[PDB]
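Colleague:
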Amino acid sequence: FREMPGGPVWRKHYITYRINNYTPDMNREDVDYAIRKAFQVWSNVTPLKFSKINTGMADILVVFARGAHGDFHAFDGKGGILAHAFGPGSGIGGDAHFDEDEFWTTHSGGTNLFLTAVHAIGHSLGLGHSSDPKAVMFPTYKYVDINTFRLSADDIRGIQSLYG
Ligand SMILES: [Ca+2]
Ligand SMILES: [Ca+2]
Ligand SMILES: [Ca+2]
Ligand SMILES: [Zn+2]
Ligand SMILES: [Zn+2]
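Quick note on the entry's author numbering: the sequence shown kicks off at 100 and runs consecutively.
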């Protein structure tokens with residue numbers, strides 16, 4: 100079931116992301132480093148196109164917030180809900196939100212922003228959840244070297260099932 104319940108996906112090859120705010124847990128460089136790589140893992144598995152912006156119209160709006168921040172979701176700070184984003188949304192759709200309470204970093208320590216970023220955008224695109232024990236869509240999170248980190252068959256199968 101590597102895909103949202105239906106067909107919320109925009110079904111377009113034009114996407115973008117805009118980081119509303121930056122967390123003190125990551126570095127100005129690490130933020131763009133982990134992100135650029137995140138989108139480079141999905142834009143390579145689909146004939147789509149992703150772009151970065153700080154003052155434009157992006158699909159995946161990244162906003163690091165803590166607990167309840169006006170999203171009817173109310174995070175859980177340290178541990179728990181690492182992050183949550185949308186998909187079939189306009190202007191503010193696919194808005195990815197990361198729990199600031201968490202320790203986002205570029206190493207195996209804190210919650211690697213890179214990995215979390217990749218899967219974060221997936222939801223903003225309109226992807227669902229996979230049952231693969233190694234699928235990014237999986238609700239489970241785990242650190243992994245970017246050199247070894249790759250979208251599982253389920254992820255690539257789903258992402259392409261709506262874009263391919
Ligand atoms: Ca959390
Ligand atoms: Ca948006
Ligand atoms: Ca923090
Ligand atoms: Zn939120
Ligand atoms: Zn997920």
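Heads up, the beta-carbon is just placed ideally off N, CA and C, and yes, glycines get one too.
#1: Give the range of the alpha helix (DSSP H) segment to which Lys148 is assigned.
#2: Taking only three categories from DSSP, how would you classify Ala184?
#3: Can you list the alpha helix (DSSP H) stretches of 4 or more residues lying completely in the stretch 172-217, in chain order?
#4: Measure the C-alpha to C-alpha separation of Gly166 and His196 and round it to an integer number of angstroms.
#5: Measuring straight from C-alpha to C-alpha, what distance separates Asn143 and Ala137?
#6: In angstroms with no decimal places, state the Cα-to-Cα distance between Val140 and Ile258.
#7: Does the stretch 232-242 touch the stretch 149-157, meaning 3 or more C-beta pairs lie closer than 8 Å?
#8: Is it true that the CB of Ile191 sits closer than 7 Å to the CB of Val161?
#9: Am I right that residue 270 and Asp194 are in contact with their C-beta atoms under 8 Å? What's the rounded C-beta distance?
#10: Between the Cα of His218 and those of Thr239, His206, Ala164, spot the shortest distance and give me the residue it belongs to.
#11: Buried or exposed: which applies to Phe100, given that a residue is buried once 16 or more other Cβ atoms fall within 10 Å of its Cβ?
#12: For ligand 4, which residues count as neighbours when the test is a C-beta closer than 6 Å to any heavy atom?
#13: Between the alpha carbons of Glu128 and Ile134, how many angstroms are there, rounded?
#14: Would you check whether ligand 1 has a heavy atom nearer than 6 Å to the C-beta of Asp175?
Modeller: For this structure:
#1: Here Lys148 belongs to no alpha helix (DSSP H); instead the beta strand (DSSP E) covers 148-151.
#2: coil
#3: none
#4: The straight-line gap from Cα to Cα measures roughly 10 Å.
#5: 10 Å
#6: 11 Å
#7: no
#8: no
#9: Missing from the structure shown is residue 270; the chain here goes from 100 to 263 and no further.
#10: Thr239
#11: exposed
#12: After applying the 6 Å Cβ criterion, the set is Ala164, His168, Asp170, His172, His183, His196.
#13: 10 Å
#14: In this structure, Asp175 has its beta carbon less than 6 Å from a heavy atom of ligand 1.
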